[PDB]
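A.B. asks: Any chance you can model this:
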Amino acid sequence: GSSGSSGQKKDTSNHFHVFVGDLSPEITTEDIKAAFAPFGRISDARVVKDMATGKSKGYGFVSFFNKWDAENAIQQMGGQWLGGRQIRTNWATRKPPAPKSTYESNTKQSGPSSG
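C.D. replies: Residues are numbered from 1 along each chain as shown. Below, you will see the structure:
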């Protein structure tokens, strides 16, 4: 059959992670997995919980194997209702762009030598 395994790396590096918030107080990890299921194949997914009481933090995270899945969800899901309340979605992590670019030739040399 056609090769290519689903995910042979325990680390979530080649995946597209998505931030999720505004979740209801009962919304579990399975609620999120169900909600984002029709948008793509999920691997990592959880409901953030407070480290002092162990109760719902309000936010969660999801991670899709392909970009197109995550992109679709961020746009569409960001305004939909889950558990009877709205939710908020965006990219879990990003990187800022560079300011500007130019070119130069200042780094000249000669090196009158042989061997």
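A.B. asks: use CA for all of it now, contacts and neighbours both
C.D. replies: Will do.
A.B. asks: Can you tell me how far residue 80 is from residue 88?
C.D. replies: 8 Å (Cα to Cα, to the nearest Å).
A.B. asks: So for the two, which sits in the more crowded spot?
C.D. replies: Each of residue 80 and residue 88 has its neighbours counted (other Cα atoms under 10 Å); residue 88 has more, 17 against 14.
A.B. asks: Run through the bridge partners of the more buried one.
C.D. replies: On the basis of DSSP bridges, residue 88 is bridged to residue 21.
A.B. asks: Quick check, it in contact with residue 58.
C.D. replies: No. With contacts counted by Cα atoms under 8 Å, residue 88 stays clear of residue 58, the gap being 10.4 Å.
A.B. asks: Overlap in contacts, those two.
C.D. replies: Common neighbours of residue 88 and residue 58, using Cα atoms under 8 Å, 6 or more residues apart in numbering, are 21, 22.
A.B. asks: Nearest the geometric middle of this protein, what residue?
C.D. replies: residue 17 (1.6 Å; Cα atoms, centre = their mean).
A.B. asks: Doesn't that one belong to a strand?
C.D. replies: Yes. Looking at residue 17 with DSSP: H, G, I helix; E, B strand; the rest coil, it is inside a strand.
A.B. asks: Test my guess that residue 45 contacts residue 64.
C.D. replies: No. Counting by Cα under 8 Å, residue 45 sits too far from residue 64 to count as a contact (9.0 Å).
A.B. asks: Neighbour count: these two, which is higher?
C.D. replies: Counted by other Cα under 10 Å, residue 45 and residue 64 do not tie: residue 64 has more neighbours, with 24 against 18.
A.B. asks: Quick one: residues contacting the more buried one.
C.D. replies: The contact partners of residue 64, by Cα under 8 Å, 6+ apart, come to 15, 16, 17, 40, 41, 42, 43, 44, 70.
A.B. asks: can we see that at 10 Å?
C.D. replies: With contact taken as Cα atoms under 10 Å, 6 or more residues apart in numbering, residue 64 is in contact with 12, 14-18, 36-37, 39-45, 70-71.
A.B. asks: Show me the beta-bridge partners of the residue nearest to the centre of the chain.
C.D. replies: Beta-bridge partners recorded for residue 17 (DSSP bridges): residue 63.
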